[PDB]
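What's in final.pdb: PDB, N, CA, C and O atoms
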ATOM      1  N   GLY B   1     165.911  11.599 -85.576  1.00  0.00           N
ATOM      2  CA  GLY B   1     166.078  10.490 -86.547  1.00  0.00           C
ATOM      3  C   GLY B   1     167.102  10.815 -87.614  1.00  0.00           C
ATOM      4  O   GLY B   1     167.857  11.780 -87.483  1.00  0.00           O
ATOM      5  N   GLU B   2     167.111  10.026 -88.682  1.00  0.00           N
ATOM      6  CA  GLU B   2     168.079  10.198 -89.765  1.00  0.00           C
ATOM      7  C   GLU B   2     167.575  11.221 -90.774  1.00  0.00           C
ATOM      8  O   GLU B   2     168.274  11.577 -91.724  1.00  0.00           O
ATOM      9  N   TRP B   3     166.350  11.672 -90.570  1.00  0.00           N
ATOM     10  CA  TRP B   3     165.754  12.695 -91.409  1.00  0.00           C
ATOM     11  C   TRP B   3     165.172  13.795 -90.531  1.00  0.00           C
ATOM     12  O   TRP B   3     164.115  13.622 -89.926  1.00  0.00           O
ATOM     13  N   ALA B   4     165.882  14.907 -90.427  1.00  0.00           N
ATOM     14  CA  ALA B   4     165.422  16.025 -89.616  1.00  0.00           C
ATOM     15  C   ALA B   4     165.424  17.316 -90.420  1.00  0.00           C
ATOM     16  O   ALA B   4     165.125  18.387 -89.900  1.00  0.00           O
ATOM     17  N   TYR B   5     165.760  17.215 -91.694  1.00  0.00           N
ATOM     18  CA  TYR B   5     165.791  18.379 -92.560  1.00  0.00           C
ATOM     19  C   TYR B   5     164.967  18.120 -93.813  1.00  0.00           C
ATOM     20  O   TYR B   5     165.107  17.076 -94.449  1.00  0.00           O
ATOM     21  N   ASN B   6     164.114  19.072 -94.162  1.00  0.00           N
ATOM     22  CA  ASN B   6     163.259  18.939 -95.334  1.00  0.00           C
ATOM     23  C   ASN B   6     163.846  19.711 -96.508  1.00  0.00           C
ATOM     24  O   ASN B   6     163.704  20.933 -96.582  1.00  0.00           O
ATOM     25  N   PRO B   7     164.503  19.020 -97.453  1.00  0.00           N
ATOM     26  CA  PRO B   7     165.112  19.668 -98.621  1.00  0.00           C
ATOM     27  C   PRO B   7     164.057  20.155 -99.614  1.00  0.00           C
ATOM     28  O   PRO B   7     164.370  20.840-100.584  1.00  0.00           O
ATOM     29  N   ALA B   8     162.804  19.813 -99.342  1.00  0.00           N
ATOM     30  CA  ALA B   8     161.699  20.182-100.213  1.00  0.00           C
ATOM     31  C   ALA B   8     161.238  21.611 -99.949  1.00  0.00           C
ATOM     32  O   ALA B   8     160.400  22.143-100.674  1.00  0.00           O
ATOM     33  N   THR B   9     161.789  22.235 -98.915  1.00  0.00           N
ATOM     34  CA  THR B   9     161.399  23.596 -98.570  1.00  0.00           C
ATOM     35  C   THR B   9     162.534  24.358 -97.876  1.00  0.00           C
ATOM     36  O   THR B   9     162.563  25.588 -97.896  1.00  0.00           O
ATOM     37  N   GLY B  10     163.472  23.631 -97.277  1.00  0.00           N
ATOM     38  CA  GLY B  10     164.588  24.279 -96.604  1.00  0.00           C
ATOM     39  C   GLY B  10     164.322  24.493 -95.126  1.00  0.00           C
ATOM     40  O   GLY B  10     164.982  25.304 -94.473  1.00  0.00           O
ATOM     41  N   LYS B  11     163.357  23.757 -94.600  1.00  0.00           N
ATOM     42  CA  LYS B  11     162.965  23.888 -93.202  1.00  0.00           C
ATOM     43  C   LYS B  11     163.500  22.717 -92.392  1.00  0.00           C
ATOM     44  O   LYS B  11     163.529  21.581 -92.874  1.00  0.00           O
ATOM     45  N   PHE B  12     163.943  22.999 -91.176  1.00  0.00           N
ATOM     46  CA  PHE B  12     164.397  21.961 -90.269  1.00  0.00           C
ATOM     47  C   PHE B  12     163.213  21.434 -89.469  1.00  0.00           C
ATOM     48  O   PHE B  12     162.502  22.217 -88.835  1.00  0.00           O
ATOM     49  N   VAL B  13     163.008  20.115 -89.518  1.00  0.00           N
ATOM     50  CA  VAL B  13     161.914  19.435 -88.804  1.00  0.00           C
ATOM     51  C   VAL B  13     162.214  19.488 -87.295  1.00  0.00           C
ATOM     52  O   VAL B  13     162.613  18.492 -86.686  1.00  0.00           O
ATOM     53  N   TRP B  14     162.031  20.660 -86.707  1.00  0.00           N
ATOM     54  CA  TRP B  14     162.246  20.859 -85.278  1.00  0.00           C
ATOM     55  C   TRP B  14     161.154  20.164 -84.468  1.00  0.00           C
ATOM     56  O   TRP B  14     161.237  20.060 -83.246  1.00  0.00           O
ATOM     57  N   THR B  15     160.136  19.685 -85.165  1.00  0.00           N
ATOM     58  CA  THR B  15     159.015  19.015 -84.538  1.00  0.00           C
ATOM     59  C   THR B  15     159.373  17.582 -84.155  1.00  0.00           C
ATOM     60  O   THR B  15     158.615  16.903 -83.460  1.00  0.00           O
ATOM     61  N   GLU B  16     160.537  17.126 -84.605  1.00  0.00           N
ATOM     62  CA  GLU B  16     160.995  15.782 -84.302  1.00  0.00           C
ATOM     63  C   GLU B  16     162.483  15.804 -83.980  1.00  0.00           C
ATOM     64  O   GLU B  16     162.894  15.497 -82.863  1.00  0.00           O
TER      65      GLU B  16
END
Representation of the structure as structure tokens:
Amino acid sequence: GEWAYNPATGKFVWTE
């Protein structure tokens, strides 16, 4: 999707 990175922790949402 258009959101695959979490700037709230620095982790990449590899789960999606």
Which parts of chain B does DSSP call strand (DSSP E) when run on the backbone here, written out as number ranges by chain?
B: 5-6, 11-12
Separation of atom C of residue 2 of chain B and atom N of residue 16 of chain B, in Å?
11.1 Å
Evaluate the PyMOL selection byres (((chain B and resi 15 and name CA) around 12) and name CA) here and jot the selected residues down as a short mmCIF file (atom, residue, chain, number, x, y, z; two decimals) with N, CA, C and O atoms, in the coordinates of the input.
data_model
loop_
_atom_site.label_atom_id
_atom_site.label_comp_id
_atom_site.auth_asym_id
_atom_site.auth_seq_id
_atom_site.Cartn_x
_atom_site.Cartn_y
_atom_site.Cartn_z
N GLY B 1 165.91 11.60 -85.58
CA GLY B 1 166.08 10.49 -86.55
C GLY B 1 167.10 10.82 -87.61
O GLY B 1 167.86 11.78 -87.48
N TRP B 3 166.35 11.67 -90.57
CA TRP B 3 165.75 12.70 -91.41
C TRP B 3 165.17 13.80 -90.53
O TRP B 3 164.12 13.62 -89.93
N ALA B 4 165.88 14.91 -90.43
CA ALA B 4 165.42 16.02 -89.62
C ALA B 4 165.42 17.32 -90.42
O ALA B 4 165.12 18.39 -89.90
N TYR B 5 165.76 17.22 -91.69
CA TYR B 5 165.79 18.38 -92.56
C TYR B 5 164.97 18.12 -93.81
O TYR B 5 165.11 17.08 -94.45
N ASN B 6 164.11 19.07 -94.16
CA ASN B 6 163.26 18.94 -95.33
C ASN B 6 163.85 19.71 -96.51
O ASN B 6 163.70 20.93 -96.58
N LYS B 11 163.36 23.76 -94.60
CA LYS B 11 162.96 23.89 -93.20
C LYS B 11 163.50 22.72 -92.39
O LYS B 11 163.53 21.58 -92.87
N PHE B 12 163.94 23.00 -91.18
CA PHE B 12 164.40 21.96 -90.27
C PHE B 12 163.21 21.43 -89.47
O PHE B 12 162.50 22.22 -88.84
N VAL B 13 163.01 20.11 -89.52
CA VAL B 13 161.91 19.43 -88.80
C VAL B 13 162.21 19.49 -87.30
O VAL B 13 162.61 18.49 -86.69
N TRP B 14 162.03 20.66 -86.71
CA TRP B 14 162.25 20.86 -85.28
C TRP B 14 161.15 20.16 -84.47
O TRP B 14 161.24 20.06 -83.25
N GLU B 16 160.54 17.13 -84.60
CA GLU B 16 161.00 15.78 -84.30
C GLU B 16 162.48 15.80 -83.98
O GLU B 16 162.89 15.50 -82.86
#
